[PDB]
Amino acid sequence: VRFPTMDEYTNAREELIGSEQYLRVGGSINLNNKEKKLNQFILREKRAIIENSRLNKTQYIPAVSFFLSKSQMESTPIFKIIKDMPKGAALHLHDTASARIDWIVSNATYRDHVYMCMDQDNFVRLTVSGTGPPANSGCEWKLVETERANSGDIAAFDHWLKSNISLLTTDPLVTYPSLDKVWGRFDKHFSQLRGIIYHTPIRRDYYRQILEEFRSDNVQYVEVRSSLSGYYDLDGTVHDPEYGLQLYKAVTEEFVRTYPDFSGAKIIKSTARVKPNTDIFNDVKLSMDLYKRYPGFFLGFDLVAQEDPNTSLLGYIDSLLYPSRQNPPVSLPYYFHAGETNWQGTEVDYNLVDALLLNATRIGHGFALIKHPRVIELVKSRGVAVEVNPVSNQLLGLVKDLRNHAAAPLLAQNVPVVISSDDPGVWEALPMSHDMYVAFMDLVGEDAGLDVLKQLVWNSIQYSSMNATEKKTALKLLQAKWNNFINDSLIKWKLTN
C-alpha cells in the first residue's frame, strides 16, 4: 500500500508541489528573516483576494481589463508594496509612448506655434509649425493657443485633449473589440501625437520626462526603442538619426549626473515593419555605424509596428544577415519584437525561429513562445530574456483574462523573463508598478510571493545590456534599494514584532 497514512500521502504531495516551486522563477531564492515577515503579509493578502473571488464566486479583478482594474488595485496593500519596491529596469519601452499624456497637454501644447485639427476619423492631431498654419491637407489646422483661450472652459479643453488621445478614456476591450480595431486605435494614437512629439525641443523634454517618471516609480534603469529620426526645428530643419542619438545621450548623462541613485539608459534603434526592404537595409547599415561609434549607449536594432499583417523577419532576411556576412563580420545586436500573436504555425509566430537564428539578445513579447518547445530550449540555453508586457498584451488584443497570459507557463519553467510596460503613457499606466502588479497577481500562483518579485526585479538588471562594470555597480545599488524597501515596508505595514 503506497499511502497507508495521511503522513505518507502529504509527504509525497508536498515533495511534488515543492519540486515545482523550486523550478519556477525565483524558486531558488532564500528570503532572510525580514524578507519573510514581508512575504508572510503579502501571501496573506494574496490568499485573501483569491479566496474571496473563488469561494464568493465573483470576478478576480487583477485579471480583468486594465480599464476596470486600475483604480481597484491602487487602493490595496499589495499594490502599494509593489509601488514602493525598487523595480530594477524597464527593458521594453518606446520613446514616444513612455511619458504622461498629461505632460503633452500641460507642457507641450502650451508652447508657441502648436497647432491642432480634427482629422477625418474625428480624432485630434497636434503638430508644430514655425511658418503659420500648416497646409490644410484633409485637416483644418488651428492655433492651440487661440482654441484654448476661446474654449470658454480651459480645464475642460485640456481634459478633452487628454481624453481624445488616451486609450484608457474608455475600456479598449469594449470600444475596440477586436485585434484590428484596437490596433487601428493604437496606430491612430501615434498619428495624433506624431507632429508635436517630433519637434526637437519637445522631443528632448519628453525623453527627460521619461527618465524622471521612471525614477519616480523606483525604476533605476531603462532601455528604450527609438526611431531616432526626423526631429525637426521651428525653422523646418530635419535632423538625422545620429543627432537624435546624441540628443538622448546628453539628456541621459545630465540626468545620471544629477541623480546618482539612477543607473542610466541605453537606446535601441527601431524601424516600422511596414517599410520596404531597401529602407530596412539602410537602417541596418545605420545601426552598424552607430553601434561601432557609440558603444555602450547604442545597443542595436529592432523592428516594430503590428506584427500579424506586416513584414516578417524572413521578409527582411538579406538585410538582417548583412552584418554577419561582412569581412570581417559585424555582430549587430537585435532585440526583435517577435511572436506577439495568437497565430500558430504561421509566418508570424515563426518570427521566433528567425529571431533566435539571428542571435537576438532579448525577444519582445514572445506571446507565441509557449507553443514552440524547441525555441524555448534555445531561449533557455542562450539566456535570451523574454520581455513580457502584460497590460500591453491584454489591451492590444492578445488575451482577455490575464491568468491566460502565455507567459505564465514560461515563468513556471524558469524561462528568463523581464517585466516591462511597453507604452505606459498611451493607456495611463505607471512606468512599472501596474505591469508588475498584474504579473505578480495573474502570471504566477497564489502561493508565489516576494521571491517572485525579487527575481523579476533582479532579472531586469541581469538581462539588461549593461557591461560587466556597469552591471556590478547597478546590482550593488539595487541591493541597497532593496534593503531600504524591506526595512521601510516592515515599519509601514506594522510587521516588526
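From 1 onward, residues are counted along the sequence shown.
- The mean C-alpha temperature factor is higher for 160-168 when 334-342 and 160-168 are set side by side.
- Comparing 465-473 with 441-449, the stretch with the higher mean C-alpha B-factor in the PDB entry is 465-473.
- In this structure the maximum Cα B-factor among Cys117, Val251, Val417, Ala368 is found at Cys117.
- Comparing the listed residues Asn393, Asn404, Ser216, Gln72, the entry records the largest Cα B-factor for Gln72.
- The entry lists a Cα temperature factor for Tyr291 that places it in the highest third of the chain's modelled residues.
- For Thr278, the recorded CA B-factor ranks within the highest third of the chain. Only modelled residues enter the ranking.
- Among all modelled residues in its chain, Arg362 ranks in the middle third by Cα B-factor.
- Ranked by Cα temperature factor within the chain, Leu55 sits in the highest third according to the deposited record.
- Ranked within its chain, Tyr243 lands in the highest third, by CA B factor from the PDB record.
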